[PDB]
Amino acid sequence: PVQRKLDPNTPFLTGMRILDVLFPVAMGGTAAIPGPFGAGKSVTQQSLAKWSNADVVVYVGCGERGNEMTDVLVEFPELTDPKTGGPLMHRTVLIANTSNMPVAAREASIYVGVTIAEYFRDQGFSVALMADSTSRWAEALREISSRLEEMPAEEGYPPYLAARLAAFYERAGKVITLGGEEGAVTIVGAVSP
Amino acid sequence: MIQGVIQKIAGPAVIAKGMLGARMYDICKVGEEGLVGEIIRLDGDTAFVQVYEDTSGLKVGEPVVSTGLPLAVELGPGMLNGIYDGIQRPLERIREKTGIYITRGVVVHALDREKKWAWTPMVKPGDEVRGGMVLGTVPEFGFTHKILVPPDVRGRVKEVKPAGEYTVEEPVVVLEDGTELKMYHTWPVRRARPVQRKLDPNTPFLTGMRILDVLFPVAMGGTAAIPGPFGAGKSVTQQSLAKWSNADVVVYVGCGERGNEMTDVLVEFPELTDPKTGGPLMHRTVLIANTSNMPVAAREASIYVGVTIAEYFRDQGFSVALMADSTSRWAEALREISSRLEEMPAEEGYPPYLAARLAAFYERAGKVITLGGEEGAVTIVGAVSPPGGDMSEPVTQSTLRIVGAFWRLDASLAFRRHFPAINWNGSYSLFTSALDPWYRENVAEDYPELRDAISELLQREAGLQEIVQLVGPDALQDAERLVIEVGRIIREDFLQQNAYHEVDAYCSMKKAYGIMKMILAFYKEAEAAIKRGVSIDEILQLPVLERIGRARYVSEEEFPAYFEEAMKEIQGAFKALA
Amino acid sequence: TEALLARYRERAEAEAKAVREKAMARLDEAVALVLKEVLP
Amino acid sequence: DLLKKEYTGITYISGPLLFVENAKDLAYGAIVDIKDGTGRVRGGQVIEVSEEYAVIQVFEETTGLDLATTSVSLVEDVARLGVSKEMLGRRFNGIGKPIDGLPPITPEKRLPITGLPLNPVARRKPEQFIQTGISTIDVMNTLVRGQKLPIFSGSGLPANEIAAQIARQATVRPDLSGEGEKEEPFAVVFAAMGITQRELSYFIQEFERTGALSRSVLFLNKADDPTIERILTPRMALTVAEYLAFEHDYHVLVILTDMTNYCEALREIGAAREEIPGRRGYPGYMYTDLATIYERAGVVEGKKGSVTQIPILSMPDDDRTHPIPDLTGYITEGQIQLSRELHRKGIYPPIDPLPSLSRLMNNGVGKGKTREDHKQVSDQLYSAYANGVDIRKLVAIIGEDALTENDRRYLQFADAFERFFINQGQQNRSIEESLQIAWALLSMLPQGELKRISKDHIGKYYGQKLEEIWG
Amino acid sequence: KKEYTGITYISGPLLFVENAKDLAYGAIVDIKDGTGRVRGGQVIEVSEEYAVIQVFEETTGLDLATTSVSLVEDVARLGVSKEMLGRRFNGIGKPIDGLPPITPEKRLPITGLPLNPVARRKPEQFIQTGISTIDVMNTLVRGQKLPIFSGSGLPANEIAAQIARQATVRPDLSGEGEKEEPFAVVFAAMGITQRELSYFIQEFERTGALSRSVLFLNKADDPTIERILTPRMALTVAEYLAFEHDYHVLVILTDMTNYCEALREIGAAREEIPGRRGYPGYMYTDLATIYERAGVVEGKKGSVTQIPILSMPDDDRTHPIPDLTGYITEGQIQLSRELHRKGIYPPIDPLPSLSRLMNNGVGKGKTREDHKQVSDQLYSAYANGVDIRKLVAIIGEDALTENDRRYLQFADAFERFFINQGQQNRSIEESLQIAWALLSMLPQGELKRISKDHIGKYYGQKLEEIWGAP
Amino acid sequence: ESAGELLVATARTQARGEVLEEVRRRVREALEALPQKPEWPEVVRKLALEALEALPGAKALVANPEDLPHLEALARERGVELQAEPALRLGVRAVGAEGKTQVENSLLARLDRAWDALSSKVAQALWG
Amino acid sequence: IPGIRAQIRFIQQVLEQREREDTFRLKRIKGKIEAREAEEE
Ligand SMILES: Nc1ncnc2c1ncn2[C@@H]1O[C@H](COP(=O)(O)OP(=O)(O)OP(=O)(O)O)[C@@H](O)[C@H]1O
Ligand SMILES: Nc1ncnc2c1ncn2[C@@H]1O[C@H](COP(=O)(O)OP(=O)(O)O)[C@@H](O)[C@H]1O
Ligand SMILES: [Mg+2]
């Protein structure tokens, strides 16, 4: 719960000129990014982590390959936080899931991440949440629906896919916490068709 | 025996109660008429029986008796030059006992019990014998039918009959243990007959068709599948293989197809001649017939009966060819019985075990060392009938994963009456590399190179057709036009073959080699000519093109002289211009 | 060359004899061990 | 045999089905009579019998039935029809009862309507060439006596006219083949399933005009009649046809108006029984059920009669891959396929020869049967027409002016073929006239293009022009 | 020991047995009939009233009066050892080469525990397969999952055998390295025919490659449950060797299409509603549990590498099997029907192929410092060559510029020499030499993606360096 | 070059297999002499106790005619019926109460069940 | 190009519709089997 949700009046400054100028995102807004190979998506995401004005960063990897998860788990313990010069890892939380991990974990990973982000927001900070490959999460949702013998819609997806996506994405926003302070959660979701 | 009563009747399915102690896949007699059935499910005190005959008129409460044995065939002398139904009943004797129609409950023997055979023993008393050994010889239509020990019998010979004439029921050889060995024995159709060792295939199966024998060869022990929509030409191709192949024995299985085709075979084959022996063609053929309006459940049994007979003849030391007229009918019969069982379907309603059944059926082919120390082979060519010509159908997709050669038929070629109508782009063969030494020794030393050149020309023509569909033939350069025209010449004068012509119906390997040689020589000369500025539009009207086109119809023995004349003309027609 | 094959066959049969000689000593020890272990 | 037993105890009525419980004396496939409170009697057949209950399909509507007063009685253990030689010239409804007001016929025999399979050893080669008077059939898709040659049609296409014309003009040619010159006319057995008043009136008027009603047996099941009766009509018609052919040496021509309605009724029963569907909801045993009908034609050794079948069916969306046309083509011995494109252009009959086929053609043509150039001429026509259609495709892209002379020749050949060979109207062409027209058309192409024809025939027949026939 | 005789139902592949609540779910059992023949089966469902057993093979002779069922093992396990190298097994670990059974050092459940994500390390060393189009352009790195996409008539078995015969590690290029690092090959074949089985046996035995290999061979007429089990047993052996004896193992799974079909049949036999296009809904998870068993572990010297091989059902990359395999693996190698019909072996098409971990396994200290630039230049030049080859059919060669003619000749020579290597075994240095000889056909300065230092060091060598013995 | 290595490996492995099969034959022929030993009644008592403790609520005990005299006391003590069965040898059988389940405690079954477990120890003792 | 793309989307819709119908039928028959087993045994 929160007291009240505020309007998107202030910016989420990512530090990249194209993003901060031509396609800005407000603090408490939502953004999406496709994941073509060789386009340097991971570099942009770690730049968002390093340079944006978010106090805390939450990274969610829901269904990534084993070696990609290895790469992301090895790279972050090496990055340095520009604001202090100490390790960037001292202000991040990592949720990691590979493809061969149980389906329930892969389905609940994004909810766990957004709940932790909401907690840190309720403490009065500004949190950046980055969900990598929500397509894999959708695949897990489809598998769970298949195990329950439900009539599919469109390309085999359960008919309530959009409702779940909205329920995940609508938790972002700048609010007046129950303590009277201000906090925000910004969500960047990678989608890989 | 186990005896029960009918509890429920619905079409070809009967549920019998009081049948505790029966075993799966056992033969049962249903009703007072004694219709043959087979147990496919046991549930407590009941049994589920699929009846191999029509069940109209049966009533609840009639007796059901289990014989305690699975479906089996009698293997021995007397099967050649014969026709059988799905469960091995001679159709001639049914036609004698019954009128022109087929009725229920007719009991006849698969092997004639009255005929006398000239027995010539080969074992002597006091010899140890083993399953698969030869006991004697019986002449049959120019063959030497060899009496075999059943595959799982051991002992030592006590006494043997003297040479003479006996029926198949005579106990010619008696072992020490007192078991009597007759001229025949029975074998369960669902069990593959054992062999000593499988062997690699290194000898071609000569089908008589240029395209199949050259571009997509099949080895002696291999398997091939020929799918296509209705009207494509499966049956004509299979009958051509039956007429012209070099196999010693042919077993033809008409599973669920038209009866007029079986009649055509029965009427024509006595008048034709065996390619190698010179005697009547029908003397080397066995027909198993189960037409469309015959009972559904016998479709599955017909395939097993055919393959078991083929395996037996292989065990005798022959090379056998087995043609299945349609396996999609077997799949449909399985689907119907599964619907009766009220099972969970898979894909287009087929039972989940369809692919396993197909793999088990197709894996019985191969060249083997028989248990008797001989060498034999079975070659399986199976036709497929996809619904609507849709090659994504589960039966076709299952067949792709196990066959060695794939002969795909095209509806567009059949519409324009271009036969055999093989889709070259969609076909393949996996025996091409293994047969190269045989071709080098028996056809020509450079035959593989010519075949590969022809394949490359066809590939280039297929590549250019994509552009031709866009800008038309006239927009191309001259070399591309030459490639297109040579491709058309190959399509019309080499790949095409008339199954009803008196000479074109059969084509030897050397004739095909000669035709390929002539075409390649002409293409080389034309390319050299257009290199030096000769117009392509003038090349197309050269006088030798018609001779190349009509070289198909030359007789087999006139061909070498025609080939010499045509090669000299090929040299002259471009040397004279210079 | 087939001399290498002959040498390999010689060393293989020598190894077979050596391992058989190794077994022969403790054959009875192994038999007693299994006979003890199988019984309750 | 002569006593009447009634089974009360009906526990279920819904759609075309009806369950009766204490009846285990009903044989599988028996025929029953269902009587309600008002005394009306309806027919039915047992499609499943058990110790618990029996399942009965009702041949009429179920209006007015109830579970308190209805009773079921046995008629016969096996469905049979009373056939007689004196039923030529009569009319019956879908279940064999007279509708022409005349007294019921006295049966010589009672034959089961499902029939029996013919022994392939007892069969015979179909060989007699039948001259239909239609060029696209006589020359390219020859019909022989004893064949099953269906017609594939559409919603507005005139398949009924073609069937009536074939029945009117069909004749054998004893003089060509040298057979015993006999002029016995065909006997026509006509079965209609779900036919409308317009089509039925057309057929009746045509038969009256040709005076063939005295040699015809009619089984009429109209479109407002009960649907489930259609499961029986083809069986009764073919039972009568087989009896006449193989016991009185008639040459019978059987016409089945629309197998699509038959498949609709079959699907209704299949869906009511929760059967496992094939493609598009049709039952899995439809192949077997159709084969039990189509396979009843042919000729038998040692007998003079014959049965020939001309089923008519409408491809639902003009889609040749629909299950009904697909299975029919997999069973029968060819097909005559109609073209909507030819119909729109004013061509009659609009038979497209490329998708058509005749499997038994090679038996009934050639030297000593029609003429020694028949088969080669047919093949040459096929190849030339295919090339013409291909060039038609090409000019739609590259324009007509860019064609060569050879392509223009083939294009003109295709146009002339469509406008003179296919389009004949309502006229009866002999086989010689059709062959003459075919040679006239083939003379357009250069003599060296005729690769499929031997040089003797080309020398003998090529050259004569089309204007000498018209113009 | 303990037997159950309360059979109440036999139908299809299933049978029901009463009073069997001591059988654990997923156990393996023996089924014996009146004649004394014993069959195999697996428990797929347990209840207080009865247990359901899916029988291996066939239920031909079974009855409800003489059949009995007894337990074999609660969990399907395999006994592993280092003596397995040089042995052939039937897909459930039963030897098929006539040699005595192995003596296990331990028995492990064939279904594998997941690797802890924090325990993995980054793949950084390559494997030399001896095939130029793979080593140079689609490099295979230790710990990678790189499948092969093939068609109906394409010779994927020959490629698999050649890779198994020629693959090796190259320590001498990695600084000084260690001269001794064990290498082994684990070969798994699912649903193969007799012809392919004989071919594989001959190929593995005629060259001595069997002495470092373990073969799990499952025939097409074998039971489907054995087919489901085979890859898991192969991966169990691979993991054991790699992570307890510091081996470098390479796993080859011969056909995943057969595995998918077997999985579909098994699912349908248990009355499960299928997902997209008739395949099980959980197919992605199953394929992931198979594929994700490869990788390199921090603190360990061993590795596991996988080359799955699968035939595209209708050359359709949209099909669920290739589509789901693409999500989990790092790139693909795709064969070409055109190259095969043109007479080129191995028919690997460089343009659609891709290796997603190539950048980490090449460079300085591994392979050679010019590797990445050379591969990029080869890719671009071949694309240009095929485009111009298409255009010349319309406009003719005389209408082309000099560069276009040179590109066309380069593409032809590339296809004839770089790809069509036959049964030749090429080291990385030989492949790079051939690549530079081909690049020298192009004029210097058109080599945009190669630095000037490498061009000065290597450019200008003539094709007769390899043409002397191509 | 590799054919010789394969020959050596095959010879060594087949020699080891021969040694283990000889050990198995020896233990098989050793086990079958126990009924002659005076310790046999204690062995059959232990086997019957193991079988009945392995089959809770067991109905009856089934044994060989020549071995049931050593098991008369236990059946009455345990409150179950004992039967005679010549086919069962050097072991005991207990039939469950329902009649569907049963257990076996023959020594040969135990030997073939534990041979795979003891093979490693056999190899270690012989050549380790 | 737009025409062929429209045809492709149309055919995809037809195939997906047929697949959905088949799933519905399988669901119904499984429900009937389960009901029969759990109610009448
Ligand atoms: N913002 C950037 N600044 C500098 N170099 C960049 C930047 N983005 C990308 N690059 C370069 O381009 C390469 C992109 O390819 P690479 O595969 O390495 O990317 P990635 O970030 O791992 O992402 P992806 O997994 O989508 O390929 C980077 O390795 C780097 O060399
Ligand atoms: N190779 C051929 N040569 C000549 N005619 C053929 C050939 N193949 C098919 N035909 C004609 O096409 C018709 C097609 O039927 P059929 O050959 O049995 O194919 P399918 O079994 O697919 O129907 C046959 O009657 C046949 O006369
Ligand atoms: Mg056919």
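Residues numbered from 1 in each chain as written, not as in the entry; some residues may be left out. Chains lettered and ligands numbered in written order. Part of a larger assembly, values for the part shown. Heavy atoms only, no water.

By the method listed in its record, cryo-EM, this PDB entry was determined to a resolution of 3.0 Å.

## Here's the deal with the arrangement of the chains
By contact count, the dominant pairing among the nine pairs of chains in contact is that of chains B and D. Between chain A and chain B there is no contact, and the shortest C-alpha to C-alpha separation is 15 Å. These two, chain A and chain C, are apart from each other, with no contact and a minimum C-alpha gap of 42 Å. (Contact = heavy atoms within 4.5 Å.)

## Section: the pairing of strand β11 (residues 134–140) of chain B
Residue and element names in this part refer to chain B. In this structure, strand β9 (residues 117–121) lies alongside β11, joined through two bridges in antiparallel fashion. Along β11, the bridge assignment pairs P121 with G136. Following β11, the chain reverses through two residues before pairing antiparallel with strand β12 (residues 143–148); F141 in that reversal takes a positive phi of roughly 55°. (Pairing = 2+ DSSP bridges. Helix = DSSP H or I, 4+ residues; strand = E, 2+ residues; numbered from the N terminus.)

## Comments concerning helix α3 (residues 66–75) of chain A
Taken residue by residue, α3(A) has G66(A), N67(A), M69(A), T70(A), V72(A) and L73(A) as its buried positions. Packed against the buried residues of α3(A) are β3 (56–64) and β4 (92–98) of chain A. (Buried < 20%, exposed > 50% of the residue type's maximum accessible area, 1.4 Å probe, protein only.)

## Quick notes on the interface of chain D and chain B
Contacts between the two partners involve 72 residues from chain D, matched on the other side by 72 residues from chain B. Together, the buried faces of chain D and chain B total about 6,100 Å²; carbon and sulfur atoms form 53% of this surface. Counting the contacts that link chain D with chain B gives six salt bridges. For the pair chain D and chain B, the interface holds 27 residue pairs in polar contact. Secondary structure elements with two or more residues in the side of chain D that touches chain B: β5 (41–50), α5 (233–248), α7 (286–294), α8 (323–331) and α11 (374–398) of chain D. Of the residues assigned to the side of chain D that touches chain B, the class counts are 33 nonpolar, 16 polar and 23 charged. (Buried area = accessible area lost by both parts, 1.4 Å probe. Salt bridge = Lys/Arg side-chain N within 4 Å of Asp/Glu carboxyl O. Polar contact = N/O pair within 3.5 Å; in protein donor to acceptor, adjacent residues only side chain to side chain. Nonpolar A, V, L, I, M, F, W, Y, C, P; charged D, E, K, R; others polar.)

## Thoughts on the packing of aromatic side chains
Counted under the stated rule, the structure contains 36 aromatic pairs over all chains. Plain terms: the ring middles of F420(D) and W470(D) are 6.0 Å apart, the flat faces sit at 10° to each other, and that makes the pair stacked. Of the two residues, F420(D) sits in helix α12 (residues 405–422) while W470(D) sits in the segment after α14 (455–461), which places them 50 residues apart along the sequence. A ring pair is formed by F187(E) and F204(E), whose centres lie 5.2 Å apart and whose planes are at 75°; its orientation type is edge-to-face. Remark: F204(E) occurs in helix α3 (residues 194–206) and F187(E) occurs in strand β14 (residues 183–192); sequence separation between them is 17 residues. Accessibility assignment for this pair places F187(E) and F204(E) in one class, buried. (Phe/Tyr/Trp six-rings, centres within 6.5 Å; stacked < 30°, edge-to-face > 60°.)

## A short note on the interface of chain F and chain C
At the interface, 29 residues of chain F touch 20 residues of chain C. Contact between chain F and chain C buries roughly 2,400 Å² in total, counting both sides, with carbon and sulfur atoms accounting for 81%. Of all residues in chain F, the largest losses of buried area upon contact with chain C belong to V8(F), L118(F) and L126(F), amounting jointly to 20% of the total for that side. In this assembly, chain F and chain C are joined by two residue pairs in polar contact. Among the elements of the structure, α1 (3–31), α2 (40–54) and α4 (107–127) of chain F are those that each provide at least two residues to the side of chain F that touches chain C. When grouped by side-chain class, the residues that make up the side of chain F that touches chain C number 18 nonpolar, two polar and nine charged.

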